[PDB]
Amino acid sequence: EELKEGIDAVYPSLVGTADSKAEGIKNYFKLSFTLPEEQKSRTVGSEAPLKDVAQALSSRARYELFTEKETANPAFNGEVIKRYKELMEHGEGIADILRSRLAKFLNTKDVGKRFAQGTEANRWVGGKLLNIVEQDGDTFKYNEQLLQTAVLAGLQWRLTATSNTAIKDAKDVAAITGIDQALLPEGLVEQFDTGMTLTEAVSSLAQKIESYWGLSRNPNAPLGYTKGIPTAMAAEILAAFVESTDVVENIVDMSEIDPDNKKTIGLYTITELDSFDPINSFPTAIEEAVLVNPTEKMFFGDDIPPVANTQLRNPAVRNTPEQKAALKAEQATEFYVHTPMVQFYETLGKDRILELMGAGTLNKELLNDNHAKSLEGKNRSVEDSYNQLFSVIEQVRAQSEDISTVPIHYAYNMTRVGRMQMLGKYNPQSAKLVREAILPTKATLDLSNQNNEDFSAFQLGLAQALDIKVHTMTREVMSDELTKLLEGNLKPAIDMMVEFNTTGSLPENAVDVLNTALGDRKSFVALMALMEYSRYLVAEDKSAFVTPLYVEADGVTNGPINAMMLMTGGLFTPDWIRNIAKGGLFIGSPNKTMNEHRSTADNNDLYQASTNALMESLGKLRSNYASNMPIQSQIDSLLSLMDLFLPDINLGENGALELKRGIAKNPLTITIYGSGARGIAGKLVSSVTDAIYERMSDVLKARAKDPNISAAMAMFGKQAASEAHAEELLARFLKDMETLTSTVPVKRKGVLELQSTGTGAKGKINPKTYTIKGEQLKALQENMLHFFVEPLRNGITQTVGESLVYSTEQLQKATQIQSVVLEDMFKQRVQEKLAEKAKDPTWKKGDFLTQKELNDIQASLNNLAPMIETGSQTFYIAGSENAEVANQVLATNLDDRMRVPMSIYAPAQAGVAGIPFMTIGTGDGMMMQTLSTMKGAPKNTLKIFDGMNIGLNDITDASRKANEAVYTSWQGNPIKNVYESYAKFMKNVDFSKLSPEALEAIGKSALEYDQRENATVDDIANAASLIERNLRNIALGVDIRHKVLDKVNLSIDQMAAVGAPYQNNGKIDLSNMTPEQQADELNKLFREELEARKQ
DNA sequence: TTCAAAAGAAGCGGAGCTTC
Ligand SMILES: Nc1ncnc2c1ncn2[C@@H]1O[C@H](COP(=O)(O)OP(=O)(O)OP(=O)(O)O)[C@@H](O)[C@H]1O
Ligand SMILES: Nc1nc2c(ncn2[C@@H]2O[C@H](COP(=O)(O)O)[C@@H](O)[C@H]2O)c(=O)[nH]1
Ligand SMILES: [Mn+2]
């Protein structure tokens, strides 16, 4: 009773009765929220939040008094105080818009009159705001406190929401648009990454509002109100922001992008503030004034970020103690601004940075339409990073007179896949530009003698930054290769940088000088290398040179190598020994490093190996069609087209074929992760078409630079030698484009057959509008699929081992079958509860369930083991937030628009997520977590998932630690973890309770194509338990293998570059043995251990 | 079916069907 009259004392005048059993209008705000035991917001109880916070922001003394802090962020100075005054006057405008919209809503259809007479309009999807209004004569009005507090949240969101949005990729955009990932138009992905979908905008806004309101949710109130009221408020504020043009609304019609698509999708983009807006230097004053414990803030000095209790976006999953330990260690790391890079960026200027690293200024008529769009996105990324870096520099600059001495901490959270992600869009972990300006790495080096170990480390850092592949050569050979570069092509750039570090000035041709010197070595870290080398050259005391230059220990083909180590489940084979050595697991070779392996044993990494297996598979495919001239010719054209535009494919003088590890990298990785072959083909084609769209701009350009130039010279001039030599390239291009768009291979009964499309490419090429579209894209894709990708996937399987493929399949099926049941049972338990609600007069459709009831249902699924536990990590593969559960609107704005679907945290099908969740999680995820918490964990590093940036003083020990952490993670057994969960699932699952939809879903994973169609519950059941048996056997094999491997002498250098491998001190010596010998010895050990258990 | 976050709009009526 105390909580009822407690919230009622604060909001005495709201309309209705705070009793769900009441007869007249019930107030669902007071029914839904309670006062927190401990204060969360400083506006609770305030009668005019906007006036009170404006007052608070009016001066440093008033701010300090309001927040009850003795000192305030020094970035809150005069200039910024003035901007916040203006922003506060704008909050008055948004408030005034909101009040008018309510008035309009109350008047239309006489909703107001009707509400007054007892019509329960405060329960409509569009009338939930009626729960925070107050009677005012013959009409109603907002409660001023709730409204003004909501607006303050509107203001903060407006200020920083953009810099916290998720990055969207082709996959997301496809889902959003309902358009096939492979067939997405150019820059359509870019268009969507720039904007926020309705859902995306309202949910972040609503979160902020509910947070500033500073109340607590009633565990016994219907979600329709606890989520609904704050969301109805956010929807209104977003609408107000559109009227005021702080937010631009764009309704994107798919019908034009694709005739059959009926979706029209809203995109919301927040208007940009000027880059030189004072508010950028301290964009969180409001958050920090309103919230007792602010989330949005920078962390300077010994202001350490708190440690997150739950997995990122999986509130059902608690961060394990080991994970929380790792998060604490990373958040404890101090970052410092490298002043010379900041000065270099400033001196170059945003515009020359774009010209150097972006796409420069765009001549939208020397550019192919599609090329133009890809370049715009490029500039966007660089421009945003630039602006975000200098907003941070501004705030740091105020904290003291020397910005290089201000320690900066970053918040981290653990993701669904066990990775420690730095919060924020633009930070050192996620933005290369920021990465070179704000570093945790620092070292005092003795570079007075080029024969020092310190100088050798300096060299390694420089070479790696300059795109020398340092893990493929010894330190000594690296040295010589660096020297040749510094004295050769780079010297002009170096000299310019020397001058910059003397006078602070750059020449007007600086971009030209850099661009020419670096060539394809150009990058932000390369700029750091030039900067740091030059600083060294002008250094006064070379004996104590201070630099944040780093060396990154980076995993060699990490994911695939981890999968092979973690999930290969049978006896040892010689191929496995040789292949895994490509990833740094060396057997019987004490102290062997990746540098040595690559320069003396095997110059081919896992990607090159799969590329070599692709060539064999291609050759095999050719023989099977050696007499079929049309197919031979089809293949030749696909290879010819790729050759023309991709660097990783070369076709020799005599038709010889040569492939670089490049093409195999992505396909190898994602294939293991469950990617279809079709998805891969679309990617390859997209990379071809992109190179093509570009060459078209090379035409438009070189053609306006000389209206005399021939088509063949305007397109293949740069790539050819003579004139008629370019005429045959133009002849190939055209031949290839027509044959690959007019004819496609289809696989009928095991054999490939060419079919006509009737949609072949015909017409004179117009370099500006030229665009491979729809049916022509699909055709290129079909050819890419069968003549390239399928051979590649055969090569991939041959490389990583059919045994790994088998493990990942069982893993995939198990986790999938489990997610289907979890999803289905959860929906059914929900439908059952909603059926009970129809018996309830107090309840109304739209109210949905209480958090309590959802907690009950989520808890009833516990005996199906939704979580996978490793002992230091927890994975919840099925976990998601989806609209399919409630299948209804949560709220709309007051114009009956902006209809937000009611989204619920609930399990959903995993598809193939099981593989990468477990592989990334127990692989690199576990290594990094281990690296953070292990005895003598390296300090002052930046961890980027599968690579670690290390200061030049500690490269050797940190590197060995990294490799030890790799070994530690290779003690894992993800299949065993999955098994332990699936086994419990199988003990409790009732397949008969499943919807026929769930049943077919399961049958797809569990049963062969044939046995499906019309199999019984019992057929599924029996099949689902076979998978469990397979899992148990794999898990046993993995466990045996790891124990056996531990008995043997191993040198592990998976985190390569520095050449500091981890030795495991196996007692059994396998040196001076061929892989064949080794595999036999290991297999003996395997059998004997297999017996230790059998008895 | 790669993973790391989801995600149509809007008239009429007061939910949820419907048409674009
Ligand atoms: N597109 C992707 N999809 C899924 N996982 C990815 C993707 N890109 C990277 N990863 C994961 O992150 C890891 C690190 O990727 P990285 O860019 O370092 O390449 P890599 O696979 O380590 O090979 P290398 O480092 O030799 O180029 C990968 O091994 C993989 O597990
Ligand atoms: N799981 C996953 N990781 C990625 C993906 N792209 C990049 N990464 C991770 O981020 C790293 C790239 O870092 P950067 O390219 O910013 O230097 C990769 O080494 C990898 O660990 C991706 O698409 N999926
Ligand atoms: Mn790597």
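Below, each value reflects all heavy atoms present in this structure, side chains not excepted, and no hydrogens, waters or symmetry copies. A note on names: the letters A, B, ... follow the listed sequences, proteins ahead of strands, and every chain is numbered from 1.
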Using side chain to side chain donor-acceptor pair (under 3.5 Å) as the criterion, list what pairs up with A:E997, not counting sequence neighbours. A:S995
With sequence neighbours excluded, tell me which residues meet side chain to side chain donor-acceptor pair (under 3.5 Å) with A:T874. A:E869
Counting any heavy atom closer than 4.0 Å, what does A:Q812 reach on the DNA or RNA strands: base, sugar-phosphate only, or nothing? base
When the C1' atoms of B:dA4 and B:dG8 are compared, how many Å lie between them, rounded to an integer? 25 Å
What integer number of Å spans the P atoms of B:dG14 and B:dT18? 16 Å
Could you pull out all residues at least two apart from A:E802 that satisfy side chain to side chain contact (heavy atoms under 4.5 Å, CB included)? A:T797
Using the P atoms only, state how far B:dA5 lies from B:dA9, rounded to an integer number of Å. 22 Å
Taking DNA chain B as the partner, which of residues 894-906 of chain A come within under 4.0 angstrom of it by heavy atom? A:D896, A:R897, A:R899
Please classify the nucleic acid contact of A:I680 as base, sugar-phosphate, or nothing, using heavy-atom distances under 4.0 Å. nothing
Sequence neighbours excluded, the answer for side chain to side chain donor-acceptor pair (under 3.5 Å) partners of A:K1004 is none
Set of salt bridge (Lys or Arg N to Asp or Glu O under 4.0 Å) partners for A:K168, sequence neighbours left out: A:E200
Does atom NZ of A:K778 have more than 12 heavy-atom neighbours, drawn from other residues, nucleotides or ligands, at distances under 6.0 Å? no
Between A:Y876 and A:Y905, how do the two ring planes meet: parallel, tilted or perpendicular, split at 30° and 60°? perpendicular
Which residues share a salt bridge (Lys or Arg N to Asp or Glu O under 4.0 Å) with A:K104, sequence neighbours left out: none
Mind checking if B:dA4 and B:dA5 stack, meaning centres of the six-membered rings less than 5.5 Å apart and planes less than 30° off? no
Where the sugar of B:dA4 falls when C1'-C2'-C3'-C4' decides north versus south: north
Please list residues of residues 105-125 of chain A whose heavy atoms come under 4.0 Å from any atom in DNA chain B, ordered by number; otherwise none. A:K109, A:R114, A:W124
Nearest-Å distance once atom P is located in both B:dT2 and B:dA6: 14 Å
Please state the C1' separation for the pair B:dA15 and B:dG11 - nearest whole angstrom. 13 Å
side-chain hydrogen bond (donor to acceptor under 3.5 Å, both in side chains) partners of residues 224-236 of chain A, not counting sequence neighbours, each pair once: A:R101-A:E236, A:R123-A:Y225, A:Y225-A:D847
Heavy atoms only, 4.0 Å cut-off, all strands: where does A:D172 land among base, sugar-phosphate and nothing? base
Partners passing side chain to side chain donor-acceptor pair (under 3.5 Å) against A:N887 (at least two apart in sequence or in another chain): none
Check every strand shown and say whether A:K683 touches a base, only sugar-phosphate, or nothing at a heavy-atom separation below 4.0 Å. base
From the 5' end of DNA chain B to its 3' end, which nucleotides mark the outer limits of contact with chain A, defined by a 4.0 Å heavy-atom distance cut-off (strictly under)? B:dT1 to B:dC20
Among residues two or more places apart or on two chains, list those pairs meeting salt bridge (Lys or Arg N to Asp or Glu O under 4.0 Å) that have a residue in residues 874-893 of chain A. none
Please report the distance separating the P of B:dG13 from the corresponding atom of B:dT19, rounded so that it comes out in whole Å. 16 Å
